[PDB]
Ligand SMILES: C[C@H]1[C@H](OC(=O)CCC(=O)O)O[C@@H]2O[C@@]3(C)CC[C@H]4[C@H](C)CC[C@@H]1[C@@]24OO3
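Take a look at this single chain in structure tokens; it is the form deposited without this ligand.
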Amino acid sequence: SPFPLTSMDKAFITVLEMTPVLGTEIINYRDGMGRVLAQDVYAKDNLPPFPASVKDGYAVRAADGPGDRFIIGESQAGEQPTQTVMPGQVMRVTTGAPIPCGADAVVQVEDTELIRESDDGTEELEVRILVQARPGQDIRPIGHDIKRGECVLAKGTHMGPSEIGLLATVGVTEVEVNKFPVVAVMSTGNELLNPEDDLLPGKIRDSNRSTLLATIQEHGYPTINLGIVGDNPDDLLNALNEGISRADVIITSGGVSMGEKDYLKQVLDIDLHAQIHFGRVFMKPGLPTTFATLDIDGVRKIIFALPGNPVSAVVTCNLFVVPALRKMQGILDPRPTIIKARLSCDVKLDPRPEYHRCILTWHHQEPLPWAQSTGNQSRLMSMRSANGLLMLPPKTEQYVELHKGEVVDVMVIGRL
């Protein structure tokens, strides 16, 4: 130390290379949102499991052709019919009802005309079939949608609502998935008070813990608030030991610049015996960002020591922490989604790659969204929550500034 400047590219790959994938657990399928399957899932039944009508109408014998027919009964959803349709007969069917024995096609009600009904009008007795049915018409045969023994979901699938619905369909209500990481967050600094506190001389409220915890919670991971820790080695070691005991990932903010600090980087190295992989990153903001791993008893803990600056802490959380968490919970390609957008304002480039929260908006019929950096002046736009992180290239002897309208990379960090 001062630790080497690590390039942004190397820092990012290092995080993903060194981060473990968590082990597996069995869950109820209803709790599956955002989980990654650690097993293939097979169907144990056909869908449909009986031949089913696609339409409201009549189950017919195609070989009878068009003509006038006696209605012998009705096949209704949920009940296996017991009658057999004979020549000159049909059975009323509704969508989803089983096709009765004897019938080999369905004719939809619009292709029929009713001839006779009961005196009280509640039962149809005779119908005119106006068309020549093709065999199998408007019937879903057994297993048309899913066959018994078919693999319907592969291991590695990241589940959303439709996958949960598919598990329900096939009756696989307990599934093996990767665990979610438990993430502990602490803040360090003698100037910090809790949000609930009135100010005292020399002090400010801690906002990083809240911002970071919210960011992690937004992605669905369980969290632990480890509070504010004093900037001294003893208290820091104790807090880190608690985090290691209680969590898979520890995030700290503060204590990583040069000066009064570097207690933190020193404590990680000498007292905790952690391996610090990088301690400075060539990026703006985020220069003092630190990443370490600790191996205990065949388990790898990961530690992120983020800058105390509140803006820097939230940018680095989205760039480094979130992808790591995604890898830990089993997502095969944990990289963030990066989209192309048009800059709303001119921006000056820095020798470091630069990152800034922004709002992405689509304008009428224009194919690319516009990216407007936050914090810098309309009323409505100044109220929206950031959903992007602008990713600006470092300046070069040639490119020193980017202009309004130019296409840039933006990392998605909020629901769009």
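Residues that one form lacks are left out of the comparison. For clarity, a rigid core is taken as the largest C-alpha set superposing within 1.5 Å between two forms. Numbering starts at 1 and follows the sequence shown.
If you look for the form deposited with this ligand bound, you will not find it shown, but the lines that follow are about it.
Exercise for the section: Tell me the stretch among 79-87, 336-344, 122-130, 149-157 that has any heavy atom within 4.5 angstroms of this ligand in the entry with it bound. Expected result: That would be 336-344.
Exercise for the section: Would you check whether this ligand, in the entry with it bound, lies within 4.5 angstroms of a non-hydrogen atom from each of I26, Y29 and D31? Expected result: Checking in the entry with it bound: none of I26, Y29 and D31 is within 4.5 Å of this ligand.
Exercise for the section: Evaluate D9 for contact with this ligand in the entry with it bound, applying a 4.5 angstroms cut-off between non-hydrogen atoms, and reply yes or no. Expected result: Yes, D9 is a contact residue.
Handout entry: in the entry with it bound, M18 touching this ligand (heavy atom, 4.5 Å)
Key = Because no heavy atom of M18 falls inside 4.5 Å of this ligand in the entry with it bound, the answer is no.
Problem - this ligand contact at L319 in the entry with it bound, heavy atom, 4.5 Å - result: Judged by the heavy-atom cut-off of 4.5 Å, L319 is in contact with this ligand in the entry with it bound.
Problem - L360 within 4.5 Å of this ligand in the entry with it bound, heavy atoms - result: Close contact is absent here: in the entry with it bound, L360 is far from this ligand, nothing within 4.5 Å, heavy atoms only.
Exercise for the section: State the residue from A43, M391, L37, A386 whose non-hydrogen atoms include one within 4.5 Å of this ligand in the entry with it bound. Expected result: The residue in contact is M391.
Handout entry: Core-referenced shifts between the shown form and the other one - contiguous stretches of at least three, CA at least 2 Å
Key = Residues 260-262 form the sole shifted run.
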